[PDB]
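I have placed the structure first, in the form of structure tokens, so that the comments after it can refer back to it.
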Amino acid sequence: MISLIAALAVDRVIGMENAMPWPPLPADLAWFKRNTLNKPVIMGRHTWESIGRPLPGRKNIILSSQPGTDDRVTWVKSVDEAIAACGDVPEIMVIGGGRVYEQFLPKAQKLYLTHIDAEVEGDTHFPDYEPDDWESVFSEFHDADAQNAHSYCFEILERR
Ligand SMILES: NC(=O)c1ccc[n+]([C@@H]2O[C@H](COP(=O)([O-])OP(=O)(O)OC[C@H]3O[C@@H](n4cnc5c(N)ncnc54)[C@H](OP(=O)(O)O)[C@@H]3O)[C@@H](O)[C@H]2O)c1
Ligand SMILES: Nc1nc(=O)c2nc(CNc3ccc(C(=O)N[C@@H](CCC(=O)O)C(=O)O)cc3)cnc2[nH]1
Ligand code: NA
Ligand code: NA
Ligand code: NA
């Protein structure tokens with residue numbers, strides 16, 4: 001089973017100049033960590049560059065046509081290879097970026113989305129999905145606080 005996990009601001013913005021389009025939201029990072037820990041994570045090369053170190057407690061699989069730049073993670077050259085490299089696990093977590101989400105969304109059976117209540121500039125977007133195809137099975141609204149500058153809502157959707 002393939003799942004996507006992403007944080008989206010207004011107009012589905014996820015990235016700007018190969019970085020996050022907002023300052024860190026520690027609550028969202030905790031959500032991200034809790035949902036990806038002990039699972040394989042698939043990411044695009046640009047997202048690898050934006051993170052810059054292996055995510056601990058996870059099998060890190062990087063999708064790139066280019067030779068790898070770090071022996072601590074697994075480099076693969078195709079979507080099919082990325083999936084194969086995860087082996088026989090219950091859930092593969094696809095963690096972006098925009099080009100990777102586009103390719104895996106049609107394969108996805110679950111989405112873990114953080115809706116970030118911010119209008120910020122972006123050059124990378126989460127793909128358009130048809131809400132009618134998905135059932136919301138979880139939602140939780142949070143306000144901004146001293147540590148998180150924007151309000152946010154966690155949602156989990158399952159494909160009908
Ligand atoms: N808000 C969020 O939830 C979140 C999550 C993830 C990422 N982001 C942001 O999104 C941005 C990155 O997105 P992006 O679309 O520019 O890049 P990306 O999807 O992370 O990486 C794209 C790169 O991955 C490789 N790739 C993708 N598909 C491939 C395939 N089928 N076969 C071989 N290689 C493939 C290619 O690299 P090569 O050129 O090496 O071949 C491609 O240029 C960053 O700003 C990051 O901060 C945000
Ligand atoms: N919900 C969500 N929020 C994100 O910010 C996010 N970001 C990307 C890619 N960007 C990144 C950047 C940094 C870390 C990171 O340093 N994660 C730590 C956080 C642990 C914590 O702060 O509690 C980790 O161990 O997972 C993960 C993804 C992909 N999916 C996302 N999904
Ligand atoms: Na096996
Ligand atoms: Na197998
Ligand atoms: Na429901």
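Laboratory data are not the source of any read-out in this text; all were calculated from the coordinates shown. When we count neighbours, we look across all protein chains shown, and the Cβ atoms used for this are built from the backbone with ideal geometry, even at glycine.
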(request) Please identify the pairs in which a residue from segment 83-109 that is in contact (Cβ under 8 Å) with a residue 24 or more places away in the chain and more than 22 Å from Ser50 (Cα to Cα) has its Cβ atom under 9 Å from the Cβ atom of a residue that is within 16 Å of ligand 2 (Cβ to nearest atom) and among the polar types (S, T, N, Q), counting only partners at least 6 apart or on another chain. (result) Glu91/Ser3; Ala108/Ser3; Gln109/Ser3
(request) Consider only pairs whose beta carbons are under 7 Å apart and that are at least six residues apart or on different chains; among these, list those whose first residue lies in segment 1-16 and is basic (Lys, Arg) and whose second residue is surrounded by fewer than 21 Cβ atoms within 10 Å (Cβ to Cβ) and assigned to a strand (DSSP E or B). (result) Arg12/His125
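Test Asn148 against the stated conditions and say whether it is under 28 Å from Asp11 (Cα atoms) and not aliphatic (A, V, I, L, M). So that I can check it myself, show each step before the final result.
Numbers: under 28 Å from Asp11 (Cα atoms): yes; not aliphatic (A, V, I, L, M): yes.
Spelling it out, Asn148 is indeed under 28 Å from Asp11 (Cα atoms) and not aliphatic (A, V, I, L, M).
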(message) Could you check segment 1-18 and list, in sequence order, the residues that are under 21 Å from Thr74 (Cβ atoms) and either assigned to a loop (DSSP other than H, G, I, E, B) or aliphatic (A, V, I, L, M) (or both)?
(response) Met1, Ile2, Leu4, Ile5
(request) Keeping to segment 19-56, report how many residues are more than 7 Å from ligand 2 (Cβ to nearest atom), touching a residue at least 60 places away in the same chain (Cβ under 8 Å) and either polar (S, T, N, Q) or not in a loop (DSSP other than H, G, I, E, B) (or both). (result) 3
(request) Output the strands (runs of 3 or more DSSP E) that fall wholly within segment 73-135 and possess 2 or more residues being within 16 Å of ligand 2 (Cβ to nearest atom) and surrounded by 19 or more Cβ atoms within 10 Å (Cβ to Cβ), or say none. (result) 92-94, 108-116
